[PDB]
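What's counted below: heavy atoms across the whole structure, side chains too, no hydrogens, waters or symmetry copies. So that the names make sense, note that chain A is the first sequence line, chain B the second, and so on, each numbered from 1. Read the numbers this way: they start at 1 and go in the same order the structure lists the ligands and their atoms.
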6 protein chains.
Amino acid sequence: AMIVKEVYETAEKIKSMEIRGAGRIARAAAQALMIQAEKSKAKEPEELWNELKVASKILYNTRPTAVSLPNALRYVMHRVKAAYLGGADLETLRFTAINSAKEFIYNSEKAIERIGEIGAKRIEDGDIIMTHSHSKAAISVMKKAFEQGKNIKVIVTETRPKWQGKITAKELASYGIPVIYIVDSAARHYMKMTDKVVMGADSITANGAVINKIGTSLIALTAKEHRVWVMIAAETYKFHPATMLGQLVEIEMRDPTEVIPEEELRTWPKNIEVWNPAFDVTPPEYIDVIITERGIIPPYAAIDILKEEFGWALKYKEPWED
Amino acid sequence: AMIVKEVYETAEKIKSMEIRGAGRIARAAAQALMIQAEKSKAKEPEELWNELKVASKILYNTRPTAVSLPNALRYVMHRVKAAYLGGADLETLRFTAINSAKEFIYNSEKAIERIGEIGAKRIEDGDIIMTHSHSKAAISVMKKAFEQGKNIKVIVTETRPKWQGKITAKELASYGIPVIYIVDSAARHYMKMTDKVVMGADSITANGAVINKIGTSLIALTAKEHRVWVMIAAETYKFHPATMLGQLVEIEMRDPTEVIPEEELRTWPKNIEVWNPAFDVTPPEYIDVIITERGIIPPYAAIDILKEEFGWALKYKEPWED
Amino acid sequence: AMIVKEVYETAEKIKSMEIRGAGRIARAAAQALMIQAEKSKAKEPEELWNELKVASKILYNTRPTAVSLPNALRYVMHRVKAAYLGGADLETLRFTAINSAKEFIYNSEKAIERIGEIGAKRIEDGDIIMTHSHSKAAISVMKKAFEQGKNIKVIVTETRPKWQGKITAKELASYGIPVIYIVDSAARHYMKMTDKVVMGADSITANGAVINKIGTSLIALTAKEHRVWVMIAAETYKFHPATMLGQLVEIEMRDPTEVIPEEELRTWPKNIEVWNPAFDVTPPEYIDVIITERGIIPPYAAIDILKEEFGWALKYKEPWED
Amino acid sequence: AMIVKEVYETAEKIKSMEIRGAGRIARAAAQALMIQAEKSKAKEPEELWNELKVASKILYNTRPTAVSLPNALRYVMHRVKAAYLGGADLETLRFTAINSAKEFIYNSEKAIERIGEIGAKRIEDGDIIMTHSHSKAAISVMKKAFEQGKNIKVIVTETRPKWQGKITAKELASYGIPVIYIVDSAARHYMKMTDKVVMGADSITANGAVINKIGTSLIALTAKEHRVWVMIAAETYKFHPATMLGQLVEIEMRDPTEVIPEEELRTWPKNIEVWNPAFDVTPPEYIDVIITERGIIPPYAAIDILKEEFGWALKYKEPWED
Amino acid sequence: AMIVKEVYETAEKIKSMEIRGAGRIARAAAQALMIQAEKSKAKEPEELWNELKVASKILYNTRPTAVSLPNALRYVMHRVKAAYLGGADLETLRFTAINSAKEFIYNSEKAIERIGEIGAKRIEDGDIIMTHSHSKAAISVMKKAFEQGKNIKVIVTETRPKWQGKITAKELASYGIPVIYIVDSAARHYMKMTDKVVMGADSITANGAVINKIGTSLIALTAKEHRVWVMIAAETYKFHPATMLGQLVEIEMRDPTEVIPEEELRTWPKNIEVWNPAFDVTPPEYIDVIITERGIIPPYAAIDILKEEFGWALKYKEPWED
Amino acid sequence: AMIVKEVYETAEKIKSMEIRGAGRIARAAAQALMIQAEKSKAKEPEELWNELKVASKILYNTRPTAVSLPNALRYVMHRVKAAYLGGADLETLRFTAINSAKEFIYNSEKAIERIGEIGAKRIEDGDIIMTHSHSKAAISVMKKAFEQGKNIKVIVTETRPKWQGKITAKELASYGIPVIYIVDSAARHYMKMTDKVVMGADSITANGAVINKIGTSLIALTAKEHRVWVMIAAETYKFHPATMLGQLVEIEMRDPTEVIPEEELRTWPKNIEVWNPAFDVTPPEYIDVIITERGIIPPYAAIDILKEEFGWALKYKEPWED
Ligand SMILES: O=P(O)(O)OC[C@H]1O[C@H](OP(=O)(O)O)[C@H](O)[C@@H]1O
Ligand SMILES: O=P(O)(O)OC[C@H]1O[C@H](OP(=O)(O)O)[C@H](O)[C@@H]1O
Ligand SMILES: O=P(O)(O)OC[C@H]1O[C@H](OP(=O)(O)O)[C@H](O)[C@@H]1O
Ligand SMILES: O=P(O)(O)OC[C@H]1O[C@H](OP(=O)(O)O)[C@H](O)[C@@H]1O
Ligand SMILES: O=P(O)(O)OC[C@H]1O[C@H](OP(=O)(O)O)[C@H](O)[C@@H]1O
Ligand SMILES: O=P(O)(O)OC[C@H]1O[C@H](OP(=O)(O)O)[C@H](O)[C@@H]1O
Ligand SMILES: [Cl-]
Ligand SMILES: [Cl-]
Ligand SMILES: [K+]
Ligand SMILES: [K+]
Ligand SMILES: [K+]
Ligand SMILES: [K+]
Ligand SMILES: [K+]
Ligand SMILES: [K+]
């Protein structure tokens with residue numbers, strides 16, 4: 001297959017986390033398929049089809065844990081596949097790929113904006129909010145509540161090992177929001193003063209568990225301990241269809257040199273191993289609501305998002321498979 | 001008062017954390033009084049007395065949270081004071097200071113060794129142990145259990161912001177113990193596989209609460225959640241006598257540039273504040289036992305350590321005061 | 001607009017709580033709109049329409065917390081509105097208002113009878129039931145259980161500040177049911193002997209939370225502590241649509257003189273403030289079942305009742321707005 | 001009136017537990033109706049219909065608690081009733097019973113295999129699984145995990161008074177799975193080493209509660225204490241439709257001679273009573289997932305299974321009543 | 001036999017709660033013995049001793065639950081009994097009663113002031129404190145925190161049926177402290193904004209349980225839920241020695257006309273009963289500290305206070321029995 | 001050394017559980033040493049001393065878990081030893097052994113009677129008491145409550161594998177107490193109707209944990225869930241000294257053939273292992289009180305009983321060692 005350089009560049013940037021955040025990654029994958037379609041030099045439909053299948057696999061094999069990425073590839077490829085099997089000519093197949101990618105991308109932006117609006121209504125004037133990592137959907141909530149005139153303060157946890165809390169502190173401060181930055185370890189210490197916890201998600205499972213940046217589950221635990229609301233801001237494409245049929249979500253283990261830089265780690269003795277899980281699992285009992293672009297739900301209604309938006313496709317192979 | 005340079009050097013090193021760990025700091029303070037006494041050029045008892053009072057205040061005013069430091073200054077100064085008020089001549093007063101310092105120091109070493117022995121009996125072959133920060137008393141437990149032939153593995157949490165888990169990982173690996181190093185955020189994720197949690201203390205209060213490096217309380221919380229034993233290794237001089245009469249332990253807030261280096265932090269916008277608490281409070285309900293050099297106790301018997309070893313002195317002013 | 005006096009009297013009696021109980025208020029609001037339509041001297045459908053809009057707003061701005069009231073108003077006005085925009089003439093629009101009102105009222109009555117029948121099957125012979133405030137839905141359950149020949153006793157909590165428990169005690173006693181009256185403070189003390197807790201609702205939110213008379217959340221809390229079933233008897237028009245899109249329910253703050261009579265309160269020092277919340281929020285974790293006229297649900301299925309019955313209207317404005 | 005011996009023999013065996021297990025009992029009841037219809041000497045439809053009603057009542061009145069039984073009877077008899085009332089002739093009505101009976105049995109067998117496949121995806125290599133009683137649905141899960149090459153071990157509880165763990169132990173060992181057999185009392189002692197709990201169900205109610213062999217609720221309770229996943233393997237026909245309208249599930253009290261054999265019990269004084277409940281109720285807070293043939297659900301989605309699949313029948317009397 | 005009117009008047013007032021509060025009642029009983037001894041016309045010791053026994057029994061039989069009362073009586077009468085039995089003459093025995101009575105009263109006053117001083121150190125600037133009933137020991141804590149210049153605010157619960165919160169509110173407001181008065185039912189609603197709970201005690205038992213005004217256990221329960229410190233202010237004579245040997249504390253059931261006044265209650269049907277428990281039991285898991293005149297203790301150290309101070313008397317009958 | 005046959009028979013009967021119950025074993029071990037001393041044909045004190053040492057070791061190496069046994073052995077041998085090292089002659093050493101044994105036995109009997117009297121005061125008329133295994137201390141409590149005229153009923157759990165519940169049921173029934181026998185699995189199901197749980201102990205550790213018959217921790221767990229008082233009746237010689245210095249109590253693993261008779265177990269597949277723990281560990285959080293012969297304590301005061309009575313001996317070796 002004649003795969004275009006932008007597909008490989010995208011895959012590499014996803015892998016290395018030059019591009020990151022579950023939504024963003026997913027939009028990047030749809031964008032990559034769009035560019036494979038736009039630039040294909042294929043002359044028959046079967047040839048374009050094969051490129052998009054191959055491009056999809058390349059993209060899918062980058063980072064496993066956030067289901068947004070496969071859900072985006074599915075969104076495009078279900079549509080591409082049905083056009084192809086229905087006899088679509090080259091330019092029709094090309095345009096189905098391009099347009100389906102465009103749709104996912106546009107709907108993703110609209111979903112994140114609407115999560116903002118919906119979530120902002122649960123934020124109250126004076127609230128102190130704690131967050132974790134850097135989630136565009138969580139930030140959309142905080143930014144919108146501030147734009148409505150509510151005087152909020154956000155506590156941002158450092159989010160080791162990649163220091164994602166620095167991204168979030170700078171972003172929220174850029175909008176004029178007062179920020180407090182703390183190490184991850186201090187989240188219990190400051191939970192007494194916190195009014196609301198607002199975090200994102202990478203995957204949400206059929207039983208209502210939320211998989212999100214390493215450390216989410218500790219914050220959610222002590223929030224629950226302290227009767228602080230835990231709200232998860234998450235697009236419908238963060239919900240994980242394969243978990244309806246028993247699949248476990250893989251926790252990505254990333255390079256130990258993200259924790260301890262190479263120059264330092266090579267001096268350490270052989271009997272120290274560094275483990276670097278990028279995500280943990282928060283059980284539904286410590287989540288009060290999930291805020292999707294279609295509304296507020298209890299975590300136990302994740303199964304209904306799934307049943308109604310995704311369950312149909314479970315009969316079939318992945319749309320990129322042979 | 002003619003205070004000797006070693007007293008100021010000690011105080012500065014305590015303040016900057018060149019010297020750290022609650023036990024160590026306390027031994028350093030006793031050592032500083034010893035050196036003030038050894039080198040004093042005072043000619044009358046009243047003059048030496050005044051130097052030791054002043055030296056004590058200098059030492060006490062360095063770091064507030066670990067009560068080991070004042071308990072060490074008390075150990076020396078109660079004895080110095082009673083000698084002085086009893087009519088002691090210069091050389092007798094000098095020697096009371098020197099010998100009392102020596103005693104605290106020697107007893108501290110013996111206490112930590114014996115905590116090791118006692119605590120090692122609760123560690124079992126095959127155990128996975130999680131720890132936090134760098135505590136010589138906790139390390140004494142782990143090292144001794146390994147010396148008895150038990151195959152253990154220790155999970156060491158990074159302990160931001162000062163990276164104290166690096167000290168501990170290297171130390172335990174140096175003794176031949178297999179170590180796993182994780183960021184603080186991953187402590188819940190790995191609590192399922194952990195058999196025992198072993199941590200130190202800076203102060204232990206009359207109601208049984210343990211004050212220890214920022215993050216201790218999150219680990220203890222999720223340990224309890226998972227029915228993992230939480231054991232606190234702590235010398236009798238980590239117990240906090242003033243809490244018997246209602247005193248609150250001050251949580252040291254340290255420089256924000258320990259979290260975010262100056263070069264970086266000065267570029268950040270004014271509306272981001274960095275908060276850097278060095279300690280948190282773990283409630284007794286999440287501690288199973290405290291291991292002291294006199295035995296195992298439930299956290300609710302802290303009041304008995306206090307009543308019996310320290311309560312006598314509560315009638316009186318601090319022995320360094322006027 | 002020529003609003004008839006029954007609309008003003010009804011609003012006044014709601015505000016003053018001369019008429020109270022979430023279902024009863026809702027039937028009264030429907031009954032007011034019915035009377036506006038019956039007596040209107042409008043000649044034009046535009047005129048009647050404008051009256052019913054204004055009557056609606058008058059009724060809506062009485063008490064904020066029980067969503068039964070706006071749900072009644074919507075039941076009548078979604079239909080009046082659809083008729084008006086469809087070109088209904090005067091008599092058709094009038095009958096639409098009058099008939100929609102009567103449908104609401106009749107359904108409300110049936111729904112309470114049916115909640116009785118359903119909930120009674122969960123009451124067992126010999127049961128001690130604790131209740132709170134005065135809820136016709138809850139009373140329907142207890143009364144029906146008694147009519148079935150189950151030997152029950154009901155513990156009635158006083159329900160300060162308005163003493164709603166007195167209403168309940170006398171109503172149940174007049175059906176022949178043995179009653180124990182206690183102060184609200186004694187709810188924990190007698191939860192040991194209690195088999196079941198049966199309470200009503202004013203609003204039920206998307207996430208499963210129940211808003212009911214002040215003190216409900218405490219009884220639910222301690223019931224849960226003691227493993228005593230907490231059953232909320234509540235008609236589907238107690239479910240709150242706007243919470244689907246993130247709205248917080250306003251907690252009504254009533255006059256301090258309802259707590260401390262005027263005559264006594266004026267003698268009190270100025271630095272005393274009396275706070276009088278008429279409702280609190282019981283989280284879904286402390287609720288076993290909601291008994292609706294369509295059946296038993298877990299609290300987390302509240303979002304389903306909302307999606308099924310109310311979701312469709314959230315894209316539109318209020319059916320009494322310009 | 002003319003009931004074949006196989007109906008009576010099936011009944012007698014259900015009742016004596018010569019045939020037991022909720023699914024198996026349901027299949028036997030469908031079979032017994034099948035055989036009645038095959039062998040009926042009836043000449044007219046009404047006469048066949050009367051036989052099938054009376055047979056249904058005989059089989060319904062064997063054992064109360066497992067809803068699988070009446071659900072099987074309903075499956076056959078709803079379809080039989082509709083053909084009788086729509087005018088079917090003798091052979092059409094015969095065939096409808098036979099074939100409906102066959103469909104239930106086949107669907108039961110496929111549902112157990114599918115539960116296996118879905119549940120096995122939740123089991124990981126190296127897992128220690130605790131189970132209780134003997135459930136073909138739970139065994140299907142464990143069996144399949146093993147066939148996938150996962151190295152698992154199963155802790156089988158004895159399950160007094162009938163010793164159903166013996167069955168489970170021998171069965172799992174015959175497939176190749178190593179087993180640890182313990183008394184019921186030791187379930188907490190071994191919950192520390194357990195990774196997963198997998199049990200079956202007799203009836204699952206509208207609020208998410210699972211009714212299963214005596215002691216299930218204890219294992220679920222300490223599993224929750226220990227953060228061990230509780231998985232319930234259960235077909236859709238284990239869901240109890242009458243609970244949607246408030247029905248309490250009857251817990252079967254079995255003969256005390258299954259606890260203490262007659263010989264011994266007759267020698268005991270009159271003031272000892274032996275109580276022998278065959279089932280207990282596990283509340284949904286202690287269940288993480290139910291694995292059905294349709295997928296994984298939180299227990300709070302039990303109501304959705306009931307609504308989609310069984311609600312419709314609740315207007316109508318039992319399809320075997322006159 | 002010759003009992004002065006002041007003993008009977010003191011008794012009558014204790015009983016009617018014209019004099020109430022556990023400490024105050026104890027001081028009154030000591031006073032009443034004092035006055036009996038002052039005014040006795042007895043000529044021989046035996047005759048004085050008989051009067052003091054009979055007076056003691058009269059005062060003991062007023063109100064059961066607060067152990068302060070019999071502890072005051074014992075304080076005086078142990079010392080009186082020992083002087084009578086050691087042969088004291090009339091005036092020596094008179095003086096022993098008078099002076100023992102004076103010592104109890106003075107020690108009570110000093111104990112309340114010291115509790116204040118110790119507890120106030122637990123209150124921080126800006127704290128919202130919730131209290132319940134009217135306790136001079138808890139008020140001493142709050143009063144002193146305010147005198148130290150801490151800006152605090154107190155949430156006072158109403159405390160039905162006797163309205164003791166009115167007393168507390170007015171008293172605290174007179175000292176300068178701002179007060180929020182709420183009904184008992186609203187305690188959970190406002191627990192989110194509360195920093196500390198400070199209540200008193202009538203009896204504290206050997207296992208750490210605190211018996212205090214009806215509703216205390218509810219506030220303690222939701223405080224724990226919310227991680228709000230529960231502090232009990234209580235003198236050593238609130239500790240209940242008979243509980244060391246297994247005695248259950250009697251909970252006083254007071255007249256139903258304090259709940260519903262006679263006028264109203266006589267109009268109620270016979271099948272309503274009003275139950276009026278004056279106290280409940282808070283278990284020690286819901287108490288963080290007891291503040292005594294001797295220091296702060298965990299509630300599990302109640303046994304130590306009992307052992308040191310009261311155990312000795314448990315061999316002997318009551319010092320007022322024949 | 002010439003060990004008499006009663007020493008060997010006693011050890012054999014302990015090992016086989018022909019004699020069982022922690023108190024009874026302890027009295028039997030004392031009784032054996034008594035018999036060794038009575039019948040010894042030693043001529044020299046060195047000779048008798050050596051016999052009693054060897055008898056002691058034989059008795060100690062029977063069953064490990066109940067510390068009552070070594071505590072009995074120590075009671076006798078601390079005294080025999082002190083006499084020997086003090087130069088006691090043959091007859092003096094013999095009488096020291098015989099008299100120390102008789103003191104142990106008499107005190108044990110008194111202690112159980114006294115535990116009965118104390119614990120009975122915590123039992124109330126109408127109470128349903130659940131017990132587990134067969135404990136003479138627990139039975140002392142129930143029996144005394146009945147003798148006081150309290151109308152109680154006792155739910156007796158079967159206590160597999162040895163059926164110790166049958167012993168209990170028949171013993172209580174023969175005193176006239178109504179008994180309900182249930183399987184261990186039914187403990188949760190009947191905890192609703194239970195007022196109090198009364199169980200014994202084999203060992204109690206420094207941190208407050210109770211080691212008792214397998215299944216104890218489960219009953220305590222669910223009692224705590226249901227807020228049912230958990231009361232452990234236990235003599236001070238059930239308290240375990242070595243736990244003060246970090247020792248873990250060994251859990252006795254008994255023969256698998258006690259669970260599955262030999263005749264049946266030999267037919268079972270090789271990949272089934274039967275595990276038979278005779279005890280489990282109940283954490284102090286699930287225990288309300290320990291009833292000792294010296295009084296009621298919270299579990300966290302176990303360290304006090306140990307410090308008071310046993311601490312002094314921990315610096316010395318076992319009084320039967322070389
Ligand atoms: O989609 P949005 O809301 O931006 O992010 C969702 C989540 O994805 C990110 O993962 P990573 O940094 O890519 O590993 C973070 O865990 C974040 O919470
Ligand atoms: O006395 P050891 O057991 O060495 O240490 C006790 C505790 O003191 C240290 O504080 P810091 O690093 O001085 O702030 C850590 O918090 C550690 O756990
Ligand atoms: O609709 P029904 O079941 O009668 O009552 C529902 C609830 O509404 C009432 O409020 P209020 O007395 O109007 O403030 C009470 O809170 C009651 O529980
Ligand atoms: O249908 P399957 O999955 O085989 O079994 C489900 C349940 O039915 C059985 O009841 P019984 O032995 O008939 O009383 C056991 O309780 C078992 O868990
Ligand atoms: O001794 P002080 O601290 O004043 O009061 C302690 C307690 O005694 C009172 O009882 P009552 O009003 O006499 O029934 C209240 O329960 C109060 O909390
Ligand atoms: O000393 P007493 O109160 O009689 O019994 C105490 C405990 O010792 C017994 O063990 P075993 O039957 O010897 O294994 C039972 O566990 C019982 O609860
Ligand atoms: Cl049920
Ligand atoms: Cl009590
Ligand atoms: K908070
Ligand atoms: K673990
Ligand atoms: K109850
Ligand atoms: K486990
Ligand atoms: K709070
Ligand atoms: K109970």
**Student:** Near the K ion (ligand 13), which protein N/O/S atoms fall under 3.4 Å?
**Tutor:** E:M191 O, E:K192 O, E:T194 O
**Student:** Between B:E117 and B:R114, is there a salt bridge with N-O shorter than 4.0 Å?
**Tutor:** yes
**Student:** Determine whether any heavy atom of B:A201 lies closer than 4.0 Å to an atom of ligand 2.
**Tutor:** yes
**Student:** In the protein, what heavy atom is nearest to atom 1 (O) of ligand 2, and what distance, to one decimal place, separates them?
**Tutor:** B:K238 NZ, 2.7 Å
**Student:** Do the non-hydrogen side-chain atoms of B:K192 and B:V228 ever get within less than 4.5 Å of each other?
**Tutor:** no
**Student:** Do NZ/NE/NH1/NH2 and the carboxylate oxygens of B:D202 and B:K213 come within less than 4.0 Å?
**Tutor:** no
**Student:** Please enumerate all residues that pass side chain to side chain donor-acceptor pair (under 3.5 Å) together with B:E9, with sequence neighbours excluded.
**Tutor:** none
**Student:** Do B:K162 and B:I167 come close enough that some side-chain heavy atom pair is under 4.5 Å?
**Tutor:** no
**Student:** Which residue and atom name correspond to the protein heavy atom nearest atom 4 (O) of ligand 2, and how close is it?
**Tutor:** B:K136 N, 2.9 Å
**Student:** Are the side chains of B:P241 and B:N71 in touch, meaning some heavy atoms are under 4.5 Å apart?
**Tutor:** yes
**Student:** Tell me the contacting part of B:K162 for ligand 2: side chain, backbone, both, or neither, using a 4.0 Å heavy-atom threshold, strictly below.
**Tutor:** neither
**Student:** Going by distance alone, is a donor N or O of one side chain under 3.5 Å from an acceptor N or O of the other, for D:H132 and D:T157?
**Tutor:** yes
**Student:** Return the minimal non-hydrogen interatomic distance between B:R160 and B:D184, and the atom names on each side.
**Tutor:** N-OD2, 2.8 Å
**Student:** Using a strict cut-off of 4.0 Å, indicate which atoms of ligand 2 neighbour a heavy atom of B:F279.
**Tutor:** 10 (O), 14 (O)
**Student:** Decide yes or no for E:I129 and E:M231: does some side-chain heavy atom of the first lie under 4.5 Å from some side-chain heavy atom of the second?
**Tutor:** no
**Student:** Determine whether D:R122 and A:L248 make a side-chain contact, defined as any pair of heavy atoms from C-beta on separated by less than 4.5 Å.
**Tutor:** yes
**Student:** For ligand 2, is there an atom lying under 4.0 Å from some heavy atom of B:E252?
**Tutor:** no
**Student:** Salt bridge check, B:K136 against B:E235: does any charged N sit closer than 4.0 Å to a carboxylate O?
**Tutor:** no
**Student:** Say whether B:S133 and ligand 2 are in contact under the criterion: heavy-atom distance to a ligand atom below 4.0 Å.
**Tutor:** yes
**Student:** Between D:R227 and B:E225 (salt bridge meaning N to carboxylate O under 4.0 Å), is one present in this structure?
**Tutor:** yes
**Student:** Need the ligand 2 atom indices (1-based, order shown) with element for anything under 4.0 Å from a heavy-atom of B:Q164.
**Tutor:** 12 (O)
**Student:** Do ligand 2 and B:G23 have nitrogen or oxygen atoms that lie under 3.5 Å from each other?
**Tutor:** yes
**Student:** Could an N or O of ligand 2 be found under 3.5 Å from any N or O of B:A137, whether backbone or side chain?
**Tutor:** yes
**Student:** Which heavy-atom pair separates B:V67 from B:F239 by the least distance, and what is that distance?
**Tutor:** CG1-O, 3.6 Å
**Student:** How close do B:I291 and B:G119 get, heavy atom to heavy atom, and via which atoms?
**Tutor:** CD1-CA, 3.8 Å
**Student:** For atom 13 (O) of ligand 2, find the nearest protein heavy atom and state the residue, atom name and distance (0.1 Å precision).
**Tutor:** B:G21 N, 2.8 Å
**Student:** Pick one: which of B:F104, B:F310, B:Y75 meets ring-ring contact (aromatic ring centres under 6.0 Å, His included) with B:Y237?
**Tutor:** B:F104
**Student:** In the protein, which heavy atom is nearest to atom 17 (C) of ligand 2, and how far is it?
**Tutor:** B:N212 OD1, 3.5 Å
**Student:** Less than 4.0 Å is my threshold; does some heavy atom of B:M199 fall inside it relative to ligand 2?
**Tutor:** no
**Student:** Of the side chain and backbone of B:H132, name the one, both, or neither that has a heavy atom under 4.0 Å from an atom of ligand 2.
**Tutor:** neither
**Student:** Out of B:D202, B:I112, B:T65, whose heavy atom sits nearest atom 7 (C) of ligand 2?
**Tutor:** B:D202
**Student:** Heavy-atom contact under 4.0 Å between B:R24 and ligand 2?
**Tutor:** no
**Student:** So which heavy atom in the protein is nearest atom 3 (O) of ligand 2, and how far is it from that ligand atom?
**Tutor:** B:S135 OG, 2.6 Å
**Student:** Heavy-atom contact under 4.0 Å between B:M17 and ligand 2?
**Tutor:** yes
**Student:** Ligand 2 and B:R20, any nitrogen or oxygen pair closer than 3.5 angstrom?
**Tutor:** yes
**Student:** Considering the heavy atoms of B:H134, write down every atom of ligand 2 situated less than 4.0 Å from one of them.
**Tutor:** 17 (C)
**Student:** Can you find a heavy atom in the side chain of B:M191 that is under 4.5 Å from one in the side chain of B:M130?
**Tutor:** yes
